[PDB]
Amino acid sequence: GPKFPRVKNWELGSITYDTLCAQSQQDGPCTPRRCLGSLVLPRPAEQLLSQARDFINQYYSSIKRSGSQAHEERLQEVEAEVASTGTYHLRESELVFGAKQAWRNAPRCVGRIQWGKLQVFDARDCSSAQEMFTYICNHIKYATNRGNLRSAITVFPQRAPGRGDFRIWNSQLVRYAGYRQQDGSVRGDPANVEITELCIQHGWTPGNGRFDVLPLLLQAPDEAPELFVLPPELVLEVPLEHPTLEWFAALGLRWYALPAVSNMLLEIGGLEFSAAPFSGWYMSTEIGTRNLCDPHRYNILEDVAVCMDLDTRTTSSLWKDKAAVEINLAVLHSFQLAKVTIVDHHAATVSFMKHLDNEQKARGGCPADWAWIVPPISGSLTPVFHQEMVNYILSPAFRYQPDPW
Amino acid sequence: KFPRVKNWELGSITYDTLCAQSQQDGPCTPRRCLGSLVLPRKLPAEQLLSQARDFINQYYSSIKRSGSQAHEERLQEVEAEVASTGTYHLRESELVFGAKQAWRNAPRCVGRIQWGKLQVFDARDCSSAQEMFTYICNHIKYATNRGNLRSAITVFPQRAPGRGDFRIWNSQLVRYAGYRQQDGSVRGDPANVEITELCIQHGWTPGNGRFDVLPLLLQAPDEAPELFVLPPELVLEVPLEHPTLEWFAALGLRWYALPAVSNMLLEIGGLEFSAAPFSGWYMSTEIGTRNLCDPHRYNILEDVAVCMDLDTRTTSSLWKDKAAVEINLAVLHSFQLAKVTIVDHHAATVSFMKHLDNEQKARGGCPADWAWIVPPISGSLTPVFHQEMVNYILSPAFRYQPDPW
Ligand code: HEM
Ligand code: HEM
Ligand SMILES: C[C@]12CCCC(=O)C1=Nc1c(nc(N)[nH]c1=O)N2
Ligand SMILES: C[C@]12CCCC(=O)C1=Nc1c(nc(N)[nH]c1=O)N2
Ligand SMILES: NC(=[NH2+])NCCC[C@H](N)C(=O)O
Ligand SMILES: NC(=[NH2+])NCCC[C@H](N)C(=O)O
Ligand SMILES: [Zn+2]
């Protein structure tokens, strides 16, 4: 057979070979002796040049111009600029291309059928933390679009030789606060405890509800961060209710429309963009299963099961399962009622299968992280569970990065 | 270097140091992770010696006897045997230890808390298919123990130089037939279509039902397989009813009490046991999710959802998730009403956590395959979902092997 990964789908009985992985420059955490695929985070000179050269080639390739004069001219111009300034800049449409690509390359994202439709806001002119606030507000305005959501990314200035990074401290543009108590517990979203304490430490006046939208903490080159509160009318939220369980409404649960990861470094041709928030729309299970049922988040399963009158003294009643289905249902219903874009884990995964097939044709593979693509309820009930997948790092990429503090 | 392994629910980190013991390579390389592939792409005297020395040192260590008189004379035995015949033989108590350690090392198995309680039948004195059938019959009889299930393995003669393997052609000792219909579709378990055909092709007259217990095809070295029908009364079956929905029963669904895998190979101290069928008891989801709801299995979701009165027409109604849940519920009710051992997915993954904990203290880790340990439903609702796991091959070991035909 071909010596590239044989990938099988056990439901359809079909084979593909992933030849795309051959392009991976970067290595991940597995070795022949032990597989580390399940861990969340696995433990410049002439280097820049070859990262840069490869990205330009991806670009010129994508516009079908490999070998052309614009192409070799562009390669020369890049290495003249690394030659003298130790770095280089990207043309506008080179940035747009690379941003989209990073998304298309992201092994953990199930929504990639949408990769070619992303609005890229150049913000490489940004000079202050004030300015960052304006762009972010603008992004949120555009992306939200009164509930009819549009995928977008804003790109702030890249990293530079001996000059401090641009950083958004928050992990998402929109996050609920988590307050620590002496009684040990956490009010709000326990994931956000640290960023909450940090905002207070930098001079925020805390609320004290389960659902207080956090202020942004925005950092500009070689400065302490600055505090910024989102105008509430910009932050669209969805109150949660059940289509038939009248009391669910009374739990006073809510969620925000816009998922906007603000802490991930965007790497393109070796240039590093530390502040480059992107947003899409949610998949039902992110809110409904992880955010609301993780034992270390809102952990509402028990509350709800009691309301449903389930027997929670025993695992074999599948009370945890019954409550979960009904919560997910409520998330979906409430967004549909509110006319805010959402996608259920079935439709979502069905579209990823379509994505897998498009990429097979186009690139000869699609890097994908199974543990992360399979939804956290109803896994085997969805087609991706039966689909083997190869994971590998391609560049451009979205990458995790150490916290500014 | 040893992997930091984090639990995300509890914030606890640990370090897996056992994996340094692993001698066999897996399918992953630093360039791409093949963690989710089911089977290997792949699938001497000096080397067997070393696998055997390593195993014997293991066995004496296990009984607190390293460097004892017994230990050294046993190594010298093996020495002499191999040096002469190109091979050697295990003592019964070594086998017993080996079988146990093989289950202990099995990364895809969530029942390993049970690893020390295994009844081991030595069947290495078997010269025909007939005898195999009598051994297979005692195993079932004992394992089943009228519903109070008990874990067993039955080890037939090891492979040898230049003669056929003892093999059980069936993938489990109890499986339902799959009959192809002229119109392409399959009546009964579609994963068993091949094994069904082979049985008709060696003289078995088929049933015409969804739930026909297949015969056994048993092969002694270099003979045509022979066919044997299991006695109806040795094969315990549960009919499927549901606690509250009366029509469910009418649906006629049944399943069998004994999960007895028969197509895998047991490797101990480099000896290979080509027929070593083992059984424990079922986890509910194996049946109620996979075997009944996989689209390429009995595929019953839509039938139920229809009976359940649900909006079949759109994915947003979560009809699948809803039906899946009842179906698992009914498997659990039905087994418990028949006083036949079953473990649910919540209880099982809770006990798998304890196991991981016991093995941390005992060995410095636990080879575990995340994608196989997380149930097919309610993933993030069990504690394993949140537990990083390192996967790798330790010996003794169950391995897959080619089909004999
Ligand atoms: C358009 C609608 C979209 C849907 C339904 C979608 C779906 C998802 C889901 C379910 C995850 C895993 C989330 C988790 O469990 O934490 C994910 C992760 C990711 N997505 Fe997408 N996505 C979409 C748009 C986008 C866009 C526009 C980008 C970037 C341009 C993106 C890039 C990523 C990245 C980088 C991750 C991994 C983040 C991490 O490792 O924590 N997503 N997305
Ligand atoms: C005590 C009752 C047991 C329970 C509840 C249990 C649970 C499981 C489950 C859910 C799987 C995944 C199975 C699948 O989806 O096909 C599994 C796999 C496995 N189990 Fe256990 N198990 C038990 C006993 C045992 C015993 C006694 C052995 C060997 C002596 C064993 C060896 C394995 C092996 C080799 C696999 C790999 C399956 C494969 O590759 O097909 N299990 N077990
Ligand atoms: C289950 C696992 C990987 C193992 C550890 C963990 O907590 C995870 N977390 C996430 C995951 N997948 C997604 N989409 N999101 C997670 O947070 N997969
Ligand atoms: C989903 C995956 C791994 C990927 C390929 C596949 O079809 C699987 N099959 C099984 C699995 N886990 C279990 N327990 N059993 C499977 O058959 N995990
Ligand atoms: N659909 C997305 N873009 N998700 C991005 C990750 C958001 C994060 N999982 C959340 O629930 O807020
Ligand atoms: N509980 C076990 N040890 N099972 C072995 C696998 C059985 C297989 N999953 C089945 O449904 O028949
Ligand atoms: Zn791996």
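Labels below follow one simple rule: chain letters A, B, ... track the order of the sequence lines, proteins then strands, and each chain is numbered from 1.
Side chain of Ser38(A) to backbone of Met389(B): a donor-acceptor contact under 3.5 angstrom is found. Side-chain atoms of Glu11(A) never come within 3.5 Å of backbone atoms of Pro295(B) as a donor-acceptor pair (strictly under, hydrogens ignored).
Contact detail for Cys19(B) and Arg34(A): the closest heavy-atom pair is CB-CB, 4.5 Å. The shortest heavy-atom contact between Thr289(B) and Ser380(A) is CG2-OG, 3.1 Å. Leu37(B) and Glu388(A) make their closest contact through CD1-OE1, 2.9 Å (heavy atoms, listed as atom of the first residue, atom of the second, distance). Nearest heavy atom pair, residue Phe385(A) against residue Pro376(B), reads CE1-CA, 4.1 Å. Smallest separation of non-hydrogen atoms from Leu332(B) and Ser316(A): CD1-O, 4.0 Å.
Heavy-atom distances place both the backbone and the side chain of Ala347(A) under 4.5 Å from chain B. Neither the backbone nor the side chain of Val374(A) comes within contact range of chain B, judged by heavy atoms closer than 4.5 Å. Neither the backbone nor the side chain of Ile342(A) comes within contact range of chain B; no heavy atom of the residue lies under 4.5 Å from a heavy atom of that chain. Interface remark: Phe335(A) contributes no atoms to any contact with chain B (heavy atom separation under 4.5 Å). At a 4.5 Å heavy-atom cutoff, the contact between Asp344(A) and chain B is made by side-chain atoms alone. For chain A, the nearby part of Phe2(B) is the backbone; its heavy atoms alone come within less than 4.5 Å. Interface remark: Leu329(A) contributes backbone and side-chain atoms alike to the contact with chain B (heavy atom separation under 4.5 Å). In this structure, chain A has no heavy atom under 4.5 Å from any part of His333(B). For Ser317(A), the part lying near chain B is the backbone, with the side chain staying farther off; criterion is any non-hydrogen pair under 4.5 Å. At a 4.5 Å heavy-atom cutoff, the contact between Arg43(A) and chain B is made by side-chain atoms alone. For a residue to count as touching a neighbouring chain, one of its non-hydrogen atoms must lie under 4.5 Å from one of that chain's; by this rule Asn391(B) touches chain A with backbone and side chain alike. Using a 4.5 Å cut-off between heavy atoms, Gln387(A) makes no contact with chain B at all. Neither the backbone nor the side chain of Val343(B) comes within less than 4.5 Å of any heavy atom in chain A.
Each of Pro367(A), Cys30(A), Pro107(A) was evaluated against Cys33(B); a single residue qualifies, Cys30(A), per the side chain to side chain contact (heavy atoms under 4.5 Å, CB included) test.
Of the listed residues (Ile393(B), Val38(B), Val350(B), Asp369(B)), the greatest number of heavy-atom pairs within a distance under 4.5 Å of chain A belongs to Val38(B). Chain A forms more heavy-atom pairs under 4.5 Å with one residue of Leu10(B), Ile377(B), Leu301(B), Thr315(B) than with any other, namely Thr315(B). Each of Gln23(B), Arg4(B), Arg290(B) has some count of heavy-atom pairs under 4.5 Å with chain A, and the biggest count is that of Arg290(B). When the candidates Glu326(A), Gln26(A), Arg297(A) are compared by the number of heavy-atom contacts under 4.5 Å with chain B, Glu326(A) comes out ahead. Between chain A and the options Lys320(B), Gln336(B), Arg41(B), the largest number of non-hydrogen pairs under 4.5 Å is found for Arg41(B). Counting heavy-atom pairs under 4.5 Å between each of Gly37(A), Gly28(A), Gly1(A), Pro29(A) and chain B puts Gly28(A) at the top.
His346(A) has its side chain within reach of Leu318(B): a pair of non-hydrogen atoms, C-beta onward, lies under 4.5 Å apart. Side-chain contact between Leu34(B) and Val390(A) is present, with at least one heavy-atom pair separated by less than 4.5 Å. For the pair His386(B)/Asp294(A), a side-chain contact is recorded, criterion being any heavy-atom separation below 4.5 Å from C-beta on. In this structure, the side chains of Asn328(A) and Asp321(B) stay at 4.5 Å or more apart for every pair of heavy atoms. No side-chain heavy atom of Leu39(B) sits less than 4.5 Å from a side-chain heavy atom of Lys8(A).
Crowding of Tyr400(B) atom OH: a count of heavy atoms from other residues, nucleotides or ligands under 6.0 Å exceeding 12.
Taken from CD in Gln23(A) to CZ in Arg31(B), the straight-line distance is 8.5 Å, to the nearest 0.5 Å. For the atom pair CG of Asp27(A) and OG1 of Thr29(B), the computed distance is 7.5 Å after rounding to the nearest 0.5 Å.
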